[PDB]
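Student: Letter by letter, the first sequence follows residues 5 to 81, 85 to 304 in the deposited numbering. Each residue gets a CB set at the ideal place from its N, CA and C atoms; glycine is no exception.
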Amino acid sequence: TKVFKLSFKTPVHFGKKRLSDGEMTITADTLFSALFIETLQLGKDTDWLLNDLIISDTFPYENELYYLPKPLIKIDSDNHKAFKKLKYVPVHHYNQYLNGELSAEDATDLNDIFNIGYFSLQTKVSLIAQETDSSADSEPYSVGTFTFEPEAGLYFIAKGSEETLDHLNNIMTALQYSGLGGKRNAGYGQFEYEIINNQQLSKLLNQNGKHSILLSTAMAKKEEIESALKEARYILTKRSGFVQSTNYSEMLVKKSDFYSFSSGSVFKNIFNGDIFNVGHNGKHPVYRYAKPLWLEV
RNA sequence: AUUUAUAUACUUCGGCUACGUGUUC
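1) Looking at the structure shown, is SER209 part of a helix, part of a strand, or coil, going by DSSP?
2) Any contact between the stretch 253-270 and the stretch 194-209? By contact I mean 3 or more CB pairs, one from each, below 8 Å.
3) Buried or exposed for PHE249, please, with buried defined as at least 16 other CB atoms from any protein chain shown within 10 angstroms of its CB.
4) For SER11, which option in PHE40, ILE135, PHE63 and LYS20 has the closest C-alpha, if you only look at C-alpha atoms?
5) What separation, rounded to the nearest whole angstrom, lies between the Cα atoms of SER269 and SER133?
6) By how many angstroms is the C-alpha of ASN288 removed from the C-alpha of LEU72?
7) Can you find the residues in the same chain that come closer than 6 Å, C-beta to C-beta, to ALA111, ignoring five residues on each side of it along the sequence?
8) Using DSSP bridges, identify the partner residues of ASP281.
9) Of all the beta strand (DSSP E) runs that stay within the bounds of the stretch 184-250, which reach a length of 3 or more residues?
10) Tell me which residues share the same chain as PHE153 and place their Cβ nearer than 8 Å to its Cβ, disregarding the 5 neighbours each side in the sequence.
11) Go through its chain and collect everything with a Cβ distance to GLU66's Cβ below 6 Å, but skip five positions before and after it.
12) Taking contact to mean at least 3 C-beta pairs separated by less than 8 Å, is the stretch 31-40 in contact with the stretch 133-144?
13) Take the Cβ of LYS298 as the centre, count every other Cβ of all protein chains shown within 10 Å, and call the residue buried at 16 or more, exposed below.
14) Contact between the stretch 276-291 and the stretch 218-235: three or more CB pairs below 8 Å?
15) Under 7 Å Cβ to Cβ from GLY107, same chain only, skipping five residues before and after it: list those, please.
16) Excluding sequence positions up to five away, which residues of its chain have a Cβ less than 7 Å from the Cβ of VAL285?
17) Ordered along the chain, which non-local residues of its own chain (more than five positions away) have a Cβ less than 7 Å from that of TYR101?
18) Report the rounded CA-to-CA distance for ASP116 versus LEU93, giving the unit in angstroms.
19) Comparing C-alpha positions only, which one of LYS245, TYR241, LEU302 and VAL150 sits nearest to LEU76?
20) Following the continuous alpha helix (DSSP H) through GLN103, name the residue where it begins and the one where it ends.
21) Skipping 5 residues on each side, what residues in its chain have a beta carbon closer than 8 Å to that of residue 83?
22) Quick one: what's got a C-beta closer than 7 Å to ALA114's C-beta in the same chain, skipping five residues either side?
23) CB-CB under 6 Å to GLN197, same chain, minus the five flanking residues each way: which ones, in chain order?
24) Using alpha carbons as the reference points, say which of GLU233, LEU69 and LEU182 lies closest to residue 83.
25) What does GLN45 pair with, by DSSP beta-bridge criteria?
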């Protein structure tokens, strides 16, 4: 169980609905998708890295401090205002939060100190139209990009057998030169990675409790969802989009809509996910990653 | 052969990125 540190140094576009939307972190779906496409391009085998590996979502970090998503636990006060405005809780204070030891003023201070990047829109045009030869409008369009301070970035949580971890490290060595976002070929999204161990993160990841904090985007398989939702606090997130090299027409190929729990849901009955298939009318199967990575407290 | 040694005034005034055009198939 290692973590992988990511520093960017170039703006990255991550996207929700259009190109001119900017987003800070990315989900396990696009992460596994990038790993899988990099593997296929490299020509190695996918069986090893399909049904053994567990990937957690990407989360941001700052100078020396790491972050995790806000648990969706019922804190019984009544402000319900400063906490709603909080999105990430530093690791130093995680167990303090889950025991209701976080004060309103401390929450305000954390919100004040949480600057880890800013948003930008760069305007771009496209003269590929008749403009080159005849009177034709240049078509302006915008892309949403997000940048980090020189001491920031994203990090991973990965776990599995050591052989799978070695394969993952190889693939990431390959991948640091492809992208991890949107307009990869337009100049966005190259990174350097580094493997680090953290004593505090390790203790947090190997705790023992009664609840569970979901750190990835997963969906229970058909026969286990019924028992999964006995006592659950969760939010669903729709995940759609097109696919890369499935048929002749990109604009005719579009993945089937899929729904999965978010990255902060709390469950009482642990379930195992699966790599659901979201293909139809296609030559090769298309995958989406739904497999949980729990922390028990 | 015996005293000046450039002197006062003014040291730039007047008149202050327009159009195709932003988004999608």
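Tutor: In terms of the structure at hand:
1) Reduced to three states, the DSSP call for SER209 is helix.
2) Counting Cβ pairs under 8 Å, fewer than three are found: no touch.
3) It counts as exposed.
4) Answer by Cα proximity: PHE63.
5) Each residue's alpha carbon lies about 37 Å from the other.
6) When the Cα atoms are used, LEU72 and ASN288 turn out to be separated by approximately 39 Å.
7) Hits under 6 Å: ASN86 and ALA89.
8) Its beta-bridge partners are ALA297.
9) For the stretch 184-250, whole beta strand (DSSP E) runs of length 3 or above, ordered along the chain, are 199-203, 219-221 and 243-246.
10) The answer, listed in chain order, is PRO15, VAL16, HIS17, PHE18, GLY26, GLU27, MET28, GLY124, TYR125, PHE126 and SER127.
11) Within the same chain, Cβ atoms closer than 6 Å to the Cβ of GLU66 are found at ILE123 and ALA159, the five residues on either side in sequence being excluded.
12) Output reads no: the stretch 133-144 does not touch the stretch 31-40.
13) Around the C-beta of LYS298, 16 or more other C-beta atoms lie within 10 Å, and the residue is accordingly described as buried.
14) Here the stretch 276-291 lies against the stretch 218-235, with 3 or more beta-carbon pairs under 8 Å apart.
15) Apart from sequence neighbours up to five positions away, the residues of its chain that approach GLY107 with a beta-carbon distance below 7 Å are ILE79, ordered along the chain.
16) Excluding sequence positions up to five before and after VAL285, its CB lies within less than 7 Å of the CB of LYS262, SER263, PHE265, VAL293 and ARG295, all in the same chain and listed in chain order.
17) If we look at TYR101 and ignore the five residues flanking it on each side, its Cβ neighbours are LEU72 and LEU211.
18) Approximately 11 Å between the Cα atoms of the pair.
19) Of the candidates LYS245, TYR241, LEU302 and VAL150, the residue whose Cα lies closest to the Cα of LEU76 is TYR241.
20) Where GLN103 is concerned, the enclosing alpha helix (DSSP H) stretches over 101-105.
21) Coordinates for residue 83 are lacking, as the chain steps from 81 to 85 with nothing built in between.
22) Non-local C-beta neighbours of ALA114 in its own chain, meaning closer than 7 Å and more than five positions away in sequence, comprise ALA89, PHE90 and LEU93, ordered along the chain.
23) Within the same chain, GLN197 has close Cβ partners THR14.
24) The gap in the chain between 81 and 85 takes in residue 83, so it carries no coordinates here.
25) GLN45 has no beta-bridge partner at all, per DSSP.
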